[PDB]
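Residue-level structural notes
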Amino acid sequence: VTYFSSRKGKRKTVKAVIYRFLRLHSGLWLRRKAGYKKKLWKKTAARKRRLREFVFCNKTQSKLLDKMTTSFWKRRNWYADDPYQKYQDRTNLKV
Amino acid sequence: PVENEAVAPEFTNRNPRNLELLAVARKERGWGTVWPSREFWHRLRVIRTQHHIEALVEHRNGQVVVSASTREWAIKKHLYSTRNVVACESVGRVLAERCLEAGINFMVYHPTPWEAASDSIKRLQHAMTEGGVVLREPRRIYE
Amino acid sequence: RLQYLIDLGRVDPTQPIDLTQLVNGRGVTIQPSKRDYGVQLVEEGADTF
Amino acid sequence: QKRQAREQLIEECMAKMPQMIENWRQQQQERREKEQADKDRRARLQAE
Amino acid sequence: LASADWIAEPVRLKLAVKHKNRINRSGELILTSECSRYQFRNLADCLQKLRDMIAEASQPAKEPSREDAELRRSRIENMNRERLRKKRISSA
Amino acid sequence: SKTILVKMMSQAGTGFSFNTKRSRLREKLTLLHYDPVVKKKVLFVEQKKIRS
Amino acid sequence: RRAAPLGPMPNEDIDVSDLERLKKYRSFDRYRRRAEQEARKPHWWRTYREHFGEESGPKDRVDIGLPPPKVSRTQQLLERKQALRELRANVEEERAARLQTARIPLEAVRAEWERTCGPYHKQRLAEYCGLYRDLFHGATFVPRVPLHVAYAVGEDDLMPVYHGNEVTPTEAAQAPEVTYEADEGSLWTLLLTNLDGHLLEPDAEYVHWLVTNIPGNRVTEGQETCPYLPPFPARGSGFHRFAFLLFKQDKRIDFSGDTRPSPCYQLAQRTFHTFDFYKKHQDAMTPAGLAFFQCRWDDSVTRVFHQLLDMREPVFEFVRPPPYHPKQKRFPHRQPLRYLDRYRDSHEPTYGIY
Amino acid sequence: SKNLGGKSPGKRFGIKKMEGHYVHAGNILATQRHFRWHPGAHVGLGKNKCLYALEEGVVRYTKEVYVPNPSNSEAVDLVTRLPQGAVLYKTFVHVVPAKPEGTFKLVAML
RNA sequence: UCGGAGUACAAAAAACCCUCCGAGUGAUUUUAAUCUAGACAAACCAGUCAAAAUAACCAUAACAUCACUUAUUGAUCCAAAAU
Ligand SMILES: [Mg+2]
Ligand SMILES: [Mg+2]
Ligand SMILES: [Mg+2]
Ligand SMILES: [Mg+2]
Ligand SMILES: [Mg+2]
Ligand SMILES: [Mg+2]
């Protein structure tokens, strides 16, 4: 990660994280299961469902992705017909 | 207001048969490894000794609900050779009539593979069905 | 929020209210460079409007 | 047009589905019967 | 329901015989909506329910189809209690 | 004895394929599978060979 | 570490050595019979019944009822043996049994069952339905005398009320006919009790028809303390139990506290406790007959609630406990995207300040 | 050398919930490779011989008799070869349900 | 690289160029779905179960089965597929 760029001196971001991850405004990150497109004929239906299902990331990976991504991707986003707009926020978090 | 309008919205129904009749009672799902499966509210149990024939309807706790036995004088004095296929059929008819009197209409029967292919108990099941008692106890709502 | 603006006087219903008027009354903020295409209407407080 | 073509093809292929499954079942039965008859003939000629 | 003059008499009678489970003792038919948090959507649902009731009570082509899974038990118990009911002795 | 990986498609007109392991010395593959597009018991026939 | 068993082990009796000289059972049915015979014994280890409610195991039930009929066992056995021998001597019955074409007079079978062993079956089914668990709370009786209750649906339609039957309020709207055998020298009391349906008190039950001082069989000429009230179960909570209890009494009992008025449409007065009733009339009354049936809600209950009782119809529903969910974590690990939907208050988008 | 492939991590086959533990539906009570604990009341059996509670309640462990399925040939043969006084005993895991099925609440007084 | 047994005797885990078995697949038809509570295990990636509800067959089961059944298998990216 480039903490200080050469042209503008800002902090760059890695494109792999934005290509294979999605950040919700609540701080959670969204990702796909590894191996969900490899050798589907060799796997059970339940295993295939688990592979196809979306999963979250814990605190360590979330902090790593936050460090590796710029604050532009942490903004509040109001897309038209956004499927994840309902998941953007958090409710009933007794902490 | 009217003295009779008091409701106490938390109504308690003390009848033990209530949930079984509504088919929302807790069936005893489970074992799977041993036989027979104990997932029922009422079960038919046919005991064929070398002398007498006794058909029980048992609840999941093991108590006897209604029974029809060749040892009973009513069937003994009216029926000859209480071990026959006709004896099994008569016991089944009497048990079906008694179940109709008792208000029970659904029960499970789980015979052995060599018992389901017999002549006496095949006709016993036929008589039980013709008497109004139907097997295959209904599926539990929200099982 | 629209009701809050109107009753605090930031925007006036007597005149036609546009996105310009909302921006002037500080009811909404629009950033065109962030691919924003304007203001949409939701029904969060439609019961007391 | 694509939706209507898809629906038409689905209906046309489903209209012959009982016939296709019956034909497949009869073909499998014929193959099994032929194999059994061949084995029976071989056993009968070898037993004598 | 009996004072509702915007519907036909046969439709009113069909409503009274079909939806008698939700009719108060005073004859006031009552509909309830709970789904949405907005009273506007709740009234939309109530009016849609009323429209469906009016349509099903006004259409004479209704065959009154019923399910089987939840009614097999009722049919079996009705037949079995009728078997005992078949006793025919004069009384009273 | 080497197996064969064969991709079989539905005969219900709808496009629906699935892969199955088969024996090389067997005939053309034809089974009765379940199609979720039409939600029915559908005859599936062999069309393609993917992997040996 | 080894510990000593707290009692005899199950298979410690048979000898391990010389197994070939020990007889075996070759029948799965025989093994099943032996296993079920052993499973009913009170073992010293933690068994299934103790954890799943054998209902306190043995219970010394207080018997409040008439003495059993004293029958000469020797002569009864002799007559039964003679009847069996006479039936066995017939050749046509043997031919029918061999040819599998034989019928039974079910009416006579039912009559004999009621005469000899019907009381015990009725008592055990009343145990199973919990009549004594709510009427006396500690006491079971044997319904020695029969009790045939029948509702009239019309001119030619009669619905019997057997032990555990299902009779609808439409059939039970009118007063039923009760028949039992008794000489013209005794007095009886009939009490119809609703065990379930009291709105306020769970430990209390309703009275529907209480008639006392019945001379012999004639129930109509006996004075009715409480007039008949058609059953009124709730729409939601269904299958209430209604029990006709028949008591035999010696003295001419008169009571002014349990007397009910002719209208008797007040549920406050229609609140009963059979325990206290039998405590009050324990000296003379002794229960001898019992006939209970189930009753659910139908269209006729609304009329009873509205016209007779002058109340609105209460409607119930079988609500289920909410599903259990664990504490929501700040960072769920490997949980599906729908994890946030399990704790959503409502399916409505909420804009806080926008 | 001559001994290869002997390294393999443990599969954590053991007992999860003990007697008196309050569990909910779907909780895995125990996992095993061979049939050590048999499911009893309100305990299912997964295809990998794991035991999971079907109802919410208290876990119990009981010694009970063993009546095998008549279709299981090996167990049937063992049963027929058992002597006249021998009865098989096994350890079963049960769940005693604590939460009632439901309550009759008033909806509307019509 | 993966699985089984002892070391590691009784919840779990536990190493060596420690002592032995194996696995890199075969045969058959019951061709074995979707969705979702709650749990096992685990640094992470991965692996496991699974109640209720829906589509097609008894109008009563479907976990594909067997070979000690446990291992019989490989992540991104990229290439060929064409849904
Ligand atoms: Mg903005
Ligand atoms: Mg005797
Ligand atoms: Mg090892
Ligand atoms: Mg290791
Ligand atoms: Mg854990
Ligand atoms: Mg299911």
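Residues numbered from 1 in each chain as written, not as in the entry; some residues may be left out. Chains lettered and ligands numbered in written order. Part of a larger assembly, values for the part shown. Heavy atoms only, no water. Residues with missing side-chain atoms left out of burial classes, pairs and counts.

Brief notes about the overall build of chain H
A count of helical and extended segments in chain H gives one helix and eight strands. Computed over the C-alpha atoms, the radius of gyration of chain H is 20 Å, more than 25% above the 13 Å expected from 2.2 N^0.38 for a compact globule of 110 residues. In terms of principal-axis extent, the alpha carbons of chain H reach across some 80 × 50 × 25 Å. In chain H, which comprises 110 residues, the share counted as buried stands at 43%. Of the contacts made within chain H by residues no fewer than 6 positions apart, 63% connect residues no fewer than 24 positions apart. Looking at chain H as shown, the accessible area adds up to about 6100 Å², and 52% of this sits on carbon and sulfur atoms. In chain H, 16 side chains carry a positive charge and 7 a negative one; their mean positions are 15 Å apart. (Helix = DSSP H or I, 4+ residues; strand = E, 2+ residues; numbered from the N terminus. Rg over C-alpha atoms; globule rule 2.2 N^0.38 Å. Buried < 20%, exposed > 50% of the residue type's maximum accessible area, 1.4 Å probe, protein only. Contact = heavy atoms within 4.5 Å. Areas by Shrake-Rupley, 256 points an atom, 1.4 Å probe, with all protein chains shown as cover. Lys, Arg positive; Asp, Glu negative; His and termini not counted. Charge placed at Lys NZ, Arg CZ, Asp CG, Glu CD.)

A look at the nonpolar core
Ranked by size, the top nonpolar core spans 62 residues in total, and within it B:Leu44, B:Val66, B:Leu95, G:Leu125, G:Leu131, G:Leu290 and G:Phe292 carry the most contacts. Among all residues touching B:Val66, those that are not within four sequence positions of it are B:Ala55, B:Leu56, B:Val57, B:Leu95, B:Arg98, B:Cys99, B:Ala102, G:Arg124 and G:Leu125. Counting 25 residues, the second largest nonpolar core, distinct from the first, contains G:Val167, G:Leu190, G:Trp209 and G:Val211. (Core = buried A, V, L, I, M, F, W, Y, C linked by side-chain atoms within 4.5 Å.)

Some words on the interface of chain B and chain G
At the junction of the two partners, chain B supplies 63 residues and chain G supplies 66 residues. When chain B packs against chain G, close to 5900 Å² is buried across both sides, 55% of that on carbon and sulfur atoms. Counting every contact that joins chain B to chain G gives three salt bridges. Taking the shortest distance from any N to any O, the salt bridge between G:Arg110 and B:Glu101 comes out at 2.3 Å. Put simply, chain B and chain G have 20 residue pairs in polar contact between them. (Buried area = accessible area lost by both parts, 1.4 Å probe. Salt bridge = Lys/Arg side-chain N within 4 Å of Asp/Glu carboxyl O. Polar contact = N/O pair within 3.5 Å; in protein donor to acceptor, adjacent residues only side chain to side chain.)

Concerning the sheet that holds strand β2 (residues 28-30) of chain H
Residues and elements named next belong to chain H. Pairing within the open sheet is antiparallel, and its three strands lie in the order β2-β5-β4. The strands lining the two open edges of the sheet, one partner per strand, are β2 and β4 (43-45). Here the average twist between neighbouring strands, direction ignored, is 40°. (Pairing = 2+ DSSP bridges. Axes fitted to C-alpha atoms, helices over the stretch in contact; angles between N-to-C directions.)

Overview of the coordination of the magnesium ion (ligand 1)
Note on the magnesium ion (ligand 1): its protein donors are C:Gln31 (OE1) and C:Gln31 (NE2). The metal-donor distances range over 2.2 to 2.6 Å. Residue position: C:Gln31 is located in the segment after α2 (19-24). (Donors = N, O, S within 2.8 Å, 3.2 Å for Na, K, Ca; no water.)

Concerning the environment of G:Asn165
You can see G:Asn165 is positioned in strand β5 (residues 165-166). With a relative accessible area of 3%, G:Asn165 lands in the buried category. Distance from G:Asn165 to G:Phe292, taken between C-alpha atoms, is 7.3 Å for residues 127 residues apart in sequence. Setting aside residues up to four positions removed in sequence, G:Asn165 forms contacts with B:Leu100, B:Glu101, B:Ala102, B:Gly103, E:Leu84, G:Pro160, G:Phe292, G:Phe293 and G:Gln294.

Description of the arrangement of the chains
Inter-chain contacts occur across twelve pairs of chains; the most extensive set of contacts lies between chains B and G. You won't find any contact between chain C and chain F; their C-alpha atoms come no closer than 37 Å. Without any contact between them, chain D and chain G keep their closest C-alpha atoms 32 Å apart.

Observations regarding the protein's contact with RNA strand I
In the vicinity of RNA strand I, 67 residues are found, and the nearest of them are A:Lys38, G:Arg1, G:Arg338, G:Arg342 and H:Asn27. Counting only atoms of RNA strand I within 4 Å of the protein, the fraction found in sugar and phosphate groups is 80%. Measuring from a phosphate oxygen of RNA strand I, one finds a side-chain N or O atom of H:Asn3 at 2.7 Å. For the surface near RNA strand I, the secondary-structure elements that each account for two or more residues are α2 (45-52) of chain A together with β1 (3-10), β3 (30-35) and β4 (40-51) of chain F. Looking at the surface near RNA strand I element by element, the count peaks at six residues for α2(A). Looking at the surface near RNA strand I, its residues break down into 18 nonpolar, 16 polar and 33 charged. (Near = heavy atom within 4 Å. Nonpolar A, V, L, I, M, F, W, Y, C, P; charged D, E, K, R; others polar.)

Side note on the pattern of salt bridges
In this structure the tally under the stated criterion is 45 salt bridges over all chains. The salt bridge partner of H:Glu55 is B:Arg26, with a shortest N-O separation of 3.6 Å. Taken together, the residues H:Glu55 in the loop between β5 (51-53) and β6 (57-65) and B:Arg26 in the loop between α1 (18-21) and β1 (42-48) connect one chain to another. According to the relative accessible area criterion, H:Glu55 is buried, its value standing at 8%. Among the charged side chains, a salt-bridge network with shared partners connects B:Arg14, G:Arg133, G:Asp134, G:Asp196 and G:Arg241.

A look at the sheet that holds strand β4 (residues 158-161) of chain G
Residue and element names in this part refer to chain G. Taking strand neighbours across the sheet as the criterion, the three strands line up as β4-β3-β6 in an open arrangement whose pairing is antiparallel. Here the strands that pair on one side only, and so sit at the sheet edges, are β4 and β6 (177-179). In this sheet, neighbouring strand axes are inclined to one another by 25° on average, regardless of whether the strands run parallel or antiparallel. As paired elements, strand β3 (residues 148-152) and β4 share four bridges and run antiparallel to each other. Following the sheet pairing, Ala 152 is matched in β4 by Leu 158.

So, to be careful, I would describe these as geometric facts and stop short of saying anything about function.
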